[PDB]
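Take a look at this single chain, the form solved without ligand SAH, given in structure tokens.
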């Protein structure tokens, strides 16, 4: 009856993201927010709403969860990066977070976000000091040429996962110095599950130039086995 002349959107677009880049607080449905203390023991114990992607940072959605934030905090504190690069931006929450966190730490850090599509970015123009947004394209490597001009140390973070190994070869040869991080969030465990032989070969090809950092690599489900850095040349 109601499926009539409707163009149904492709729900695959909202994968790992959600419907809305803007942040809205969770709302309770099956209980009152103000539970009475005389009935305190009868109150339900579950969260009350979806824990899909519930985190925020100053009113922007944060796709990086608390355990991941904790790892990056330690990494920032130890490395004191002059440059953090995000390939894959979405709403920009994690950019502002990296910027904020580096400011509180007293680290002179320029944060850079690269994406094919920047139209979902929720960072207001007034809150953009030391955050630069570049419109790029993973399959074209000359995109990345800009900002070999940038300062070190440097953390390069892949959240896009398109031409990753090629981008890695570029970064190793043209960008990273010893100590710099190249990080692949989320995807490495899935590539190993689906393509165990090719994955092991491809990662293994970078063994003279990149190490898995074992202090951080097992510390969150999002960074699981994906934290690499440049070994001594």
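Residue numbers count along the first chain shown, from 1. Shifts are known only where both forms have a C-alpha. By rigid core we mean the largest C-alpha set that fits within 1.5 Å across both forms.
Here 51 to 59 and 202 to 210 are compared by their mean Cα B-factor, and 51 to 59 comes out higher. Higher average CA B factor: 42 to 50, of the stretches 191 to 199 and 42 to 50.
As recorded in the entry, 11 carries the highest CA temperature factor of 215, 22, 11, 223.
Highest CA B-factor among the listed residues (118, 76, 96, 84): 118. For residue 133, the recorded CA temperature factor ranks within the highest third of the chain's modelled residues.
The entry lists a Cα temperature factor for residue 91 that places it in the lowest third of the chain's modelled residues. The deposited CA B-factor of residue 70 belongs to the lowest third of values across its chain. In the deposited entry, the Cα temperature factor of residue 233 sits in the top third of values across the chain's modelled residues. Among all modelled residues in its chain, residue 112 ranks in the lowest third by Cα B-factor.
A second form of this protein, the form solved in complex with ligand SAH, is not displayed here; the remarks below concern that form.
Residues placing heavy atoms within 4.5 Å of ligand SAH in the deposited complex fall in a single listed stretch, namely 114 to 122, out of 101 to 109, 114 to 122, 146 to 154, 76 to 84. Taken together, the three residues 69, 189 and 217 lack any non-hydrogen atom within 4.5 angstroms of ligand SAH in the deposited complex. Among heavy atoms of residue 180, none comes within 4.5 Å of ligand SAH in the deposited complex. Using a 4.5 Å cutoff between non-hydrogen atoms, residue 137 counts as a contact of ligand SAH in the deposited complex.
Interface membership of residue 17, defined by any non-hydrogen atom within 4.5 Å of ligand SAH in the deposited complex, is confirmed. Interface membership of residue 133, defined by any non-hydrogen atom within 4.5 Å of ligand SAH in the deposited complex, is ruled out. Residues 63, 64, 86 are the ones in 57 to 87 with at least one heavy atom within 4.5 Å of ligand SAH in the deposited complex, listed in sequence order. Moving regions between the shown form and the other one, defined as 3+ consecutive residues each with a CA shift of at least 2 Å after core superposition, come down to one: 146 to 148.
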